[PDB]
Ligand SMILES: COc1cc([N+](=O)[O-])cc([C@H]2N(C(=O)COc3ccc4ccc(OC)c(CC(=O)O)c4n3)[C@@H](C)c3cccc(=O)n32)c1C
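Just the one chain here, the form deposited without the named molecule, laid out as structure tokens.
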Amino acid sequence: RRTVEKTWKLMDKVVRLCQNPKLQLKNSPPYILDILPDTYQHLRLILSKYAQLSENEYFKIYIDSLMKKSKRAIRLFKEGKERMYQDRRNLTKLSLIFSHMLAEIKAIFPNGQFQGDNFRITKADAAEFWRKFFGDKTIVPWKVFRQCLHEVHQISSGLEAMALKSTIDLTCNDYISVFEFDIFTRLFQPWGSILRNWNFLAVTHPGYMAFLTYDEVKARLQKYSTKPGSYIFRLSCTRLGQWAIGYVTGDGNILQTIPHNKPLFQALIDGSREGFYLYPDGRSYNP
């Protein structure tokens, strides 16, 4: 708790810094003004229930992530000055990453207790991969993983690795827990063509907006009312491991679907067929 008294303390400076009126935070997911507070409430849940907690390696890496994370914001509010109303956009990249650190600690410690030992990963192939390789593990550094990842699904170049590090390392801490893992496995399934989809999808596809809000997505496709068929897809902070599809109707309107649990790969392949998905990001060509 010694360092976490130092962890919360840092987090309060930050919620202290954000609450500034000159910031006009339009708290639309994520709400840096809630995720952070909620993150504390849970640490109380977690610390309530628990030296066994002390040796938890993920807890250590995690709180390390949180604080390392906390001070950067402040430092940010420092460097930035007036700019505070690229240093800003950075702020958002963060409230985002905190949003995820939220979800993960929530997932590894449900109701307040450690259950990483038993995370049930959604896709099976996916699960045997990790079990086989990591088995008992809950968190794994980046290099290690990539290496194993590599024994099965070869990674074309140092460039692409990091780019993938980028897509799997949410919390941004150079480690990959079963969670950051379990989400990405569900995002880019099926397990066999793992890296194949990812590349075709979130790397060269004009239709991959990464994280976005339902208001922004609409916002963007308001520039295509004129052309129904135009669509784009995204991830969601409020529901990680999930893609939602936005597109414009022959009614001129803008609709939003979320596949239940059919991959994006097919969805788009099909929706494009009923002539639903035809001009990725209002762009002529569509793969």
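In case it trips you up, residue 1 is the first one in the sequence shown, and so on. Only the largest set of C-alpha atoms that superpose within 1.5 Å between the two forms is called the rigid core.
Exercise. Would you say which of 10-18 and 259-267 moves more relative to the shown form in 6 other deposited structures of this protein, going by RMS C-alpha distance with the core superposed?
Key: Per-stretch check in 6 other deposited structures of this protein: the more divergent one is 259-267.
Quiz item: Core fit done; bigger CA RMS in 6 other deposited structures of this protein for 208-216 or for 117-125?
Solution: This comes out as 208-216, the stretch further from the shown form in 6 other deposited structures of this protein.
Practice problem: Classify the number of deposited-sequence residues missing from the model between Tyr50 and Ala51: none, 1 to 3, 4 to 9, or 10 or more. | Solution: Count of unmodelled residues in between: 4 to 9.
In what follows, reference is made to the form deposited with the named molecule bound, a form of this protein that is not presented.
Exercise. Sort through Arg239, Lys223, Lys60, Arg44 and report the residue having a heavy atom within 4.5 Å of the named molecule in the deposited bound form.
Key: Going through each option in turn, the one that passes is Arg239.
Exercise. Using heavy atoms only and a 4.5 Å cut-off, determine which of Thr249, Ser48, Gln256, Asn27 is in contact with the named molecule in the deposited bound form.
Key: Spelling it out, the residue with a heavy atom inside the cut-off is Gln256.
Quiz item: Does any heavy atom of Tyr214 come within 4.5 Å of a heavy atom of the named molecule in the deposited bound form?
Solution: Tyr214 belongs to the contact set for the named molecule.
Quiz item: Might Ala244 be said to contact the named molecule in the deposited bound form, defining contact as any heavy atom within 4.5 Å?
Solution: Yes, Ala244 is a contact residue.
Quiz item: So in the deposited bound form, does any heavy atom of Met67 sit within 4.5 Å of the named molecule?
Solution: Output for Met67 is no: heavy atoms all beyond 4.5 Å of the named molecule.
Self-check item: Interface segment, criterion being heavy atoms within 4.5 Å of the named molecule in the deposited bound form, picked from 257-265, 32-40, 51-59, 223-231
Solution: Residues of 257-265 come within 4.5 Å of the partner.
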